[PDB]
């Protein structure tokens, strides 16, 4: 009888999306991802490295490299996530694949990893609570469904964060992982927050909300590009930024054993 993976990695919700701030945050995290099949920054050594199949290998240089690396994995990860934003476009930005193409990749490459014991994460939607892609994908013939629903939260207040959580719990009825989050005026041409005071409070508030919410089992601060000059967790001189320090101070509140 095989032991199942806990859907919170190694007793802590907190993780990182990317590795620029990983050395500074490590001691208060359990896990990280880097959008690749095999997260390998040496800054993460000891944390749970969560695998991803980003896309279908026809929407960018890195997309094609990552599909080939996923096909060549000699091993089964403890946790694997599906596609990054198949409902958005842009070469090496979002996966840009239809539901039919998603089903074929999921059944050929992701479901067999789950048969060998990996915990499976859904594809993550750029449309947030307005998605239709995952609703259609979930109605298709999948050889194995997902264990945790992956979500991206790009919102300017905690009302928007809560509306994303409620939509994905009510609709899919599985535990959630927030696999990327950042403070963004999403309805106003995707304008990233730029007020340091507001960002520091938003970070503090969102970590508290996630830690208290029974349906959120993991979360991860993103360092991806396109989020303005204030959100990045590392300054141009290499030092931890004020935004990076707000995350460090929030996740350390929940690390007391």
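Numbering follows the first chain given and starts at 1.
Between the stretches 213-221 and 66-74, it is 66-74 that shows the larger average CA temperature factor. The PDB entry records a higher mean C-alpha B factor for 183-191 than for its counterpart among 183-191 and 80-88. When the modelled residues of the chain are ordered by their C-alpha B factor, residue 159 lands in the highest third.
When all modelled residues of the chain are sorted by CA temperature factor, residue 36 is found within the middle third.
In the PDB entry, a CA B factor belonging to the lowest third of its chain's modelled residues is recorded for residue 176. When the CA B factors of the chain's modelled residues are split into thirds, the value for residue 229 lands in the highest one. Ranked against the other modelled residues of its chain, the C-alpha B-factor of residue 132 as given in the entry falls in the lowest third.
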